[PDB]
Amino acid sequence: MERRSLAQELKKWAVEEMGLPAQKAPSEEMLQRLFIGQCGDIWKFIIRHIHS
Amino acid sequence: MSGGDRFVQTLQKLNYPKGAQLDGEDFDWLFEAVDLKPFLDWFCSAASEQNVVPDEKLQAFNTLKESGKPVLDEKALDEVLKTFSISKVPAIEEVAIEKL
């Protein structure tokens, strides 16, 4: 359940905060793959410390 | 340059704390996924050092938000900051009784 939630936050971060066009944004299902293993901690960092 | 090496370089630029220990070859698999590749490429291009807000400034800003003080919008900040001469005008040390 945790991966799905992070995948949504990343999507929101990419679209709302960094300005990625919604059309180019990968499906939530596809973003979940980025939170596999050590990549998860990395993207958590990105969502928190990296802003527009 | 393997997609993975680019990603790890970007992370180093973004001051990720464990970035020096990460080997690029370990992430080459992320770029093999034809569907995610465009996003990762985007990310590695879009994210620079100017985008990074240290944990200290974020905490300070949250504290400012919590302090009930109105957060000035970009337009307002531009107006007020214009009025700011870069020059170190030493904080008017309010004429410390000492100055008087």
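Residues numbered from 1 in each chain as written, not as in the entry; some residues may be left out. Chains lettered and ligands numbered in written order. Part of a larger assembly, values for the part shown. Heavy atoms only, no water.

Its PDB header names cryo-EM as the technique used to obtain the model and reports a resolution of 33 Å.

**As for the interface of chain B and chain A**
Inclusion rule: By definition in these notes, contact holds between two residues if any of their heavy atoms fall within 4.5 Å. Two parts lose some accessible area (1.4 Å probe) when they are put together, and adding that loss for both gives the buried area. A pairing counts as a salt bridge when a side-chain nitrogen of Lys or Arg comes within 4 Å of a carboxyl oxygen of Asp or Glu. In protein, a polar contact means a hydrogen-donor-capable atom and an acceptor-capable atom, both N or O and within 3.5 Å, with residues adjacent in sequence counting only if both atoms are side-chain atoms; elsewhere, any N or O pair within 3.5 Å suffices. Put simply, DSSP marks the helices as runs of H or I at least four residues long and the strands as runs of E at least two long, and each gets a number from the N terminus on. In this classification, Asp, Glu, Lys and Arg are treated as charged, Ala, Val, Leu, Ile, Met, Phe, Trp, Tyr, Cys and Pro as nonpolar, and every other residue, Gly included, as polar.
Listed per partner, the contact involves 25 residues of chain B and 21 residues of chain A. Both sides of the chain B and chain A interface together cover about 2,000 Å² of buried area, and 79% of this is carbon and sulfur. Our count for the chain B to chain A interface comes out at one salt bridge. Here B:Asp55 and A:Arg48 are joined by a salt bridge, their closest N and O atoms 2.8 Å apart. Here chain B is connected to chain A by four residue pairs in polar contact. For the side of chain B that touches chain A, the secondary-structure elements that each account for two or more residues are α1 (3–13), α2 (37–46) and α3 (55–66) of chain B. In terms of residues, the side of chain B that touches chain A owes the most to one element, α2(B), which gives five residues. Tallied by class, the residues present in the side of chain B that touches chain A amount to 21 nonpolar, two polar and two charged.

**A look at the packing of α1(B) against α2(B)**
When two helices pack together, their arrangement is given by the angle between the helix axes and the distance between those axes. All names here are of chain B. How we decide: For helices, the fitted line uses only the C-alpha atoms of the stretch in contact; every axis is such a line through C-alpha atoms, and the angle between N-to-C directions lies from 0 to 180 degrees. For any pair of crossing helices, the crossing counts as left-handed if the nearer helix is rotated counterclockwise from the farther one by less than a right angle, and right-handed if it is rotated clockwise.
Taken N-terminus to C-terminus, the directions of α1 and α2 make an angle of 35°; their axes are 9 Å apart at the nearest point. Note that α1 runs across α2; the crossing there is left-handed. Residues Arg 6, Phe 7 and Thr 10 of α1 form the contact with α2, whose participating residues are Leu 40, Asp 41, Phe 43 and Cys 44.

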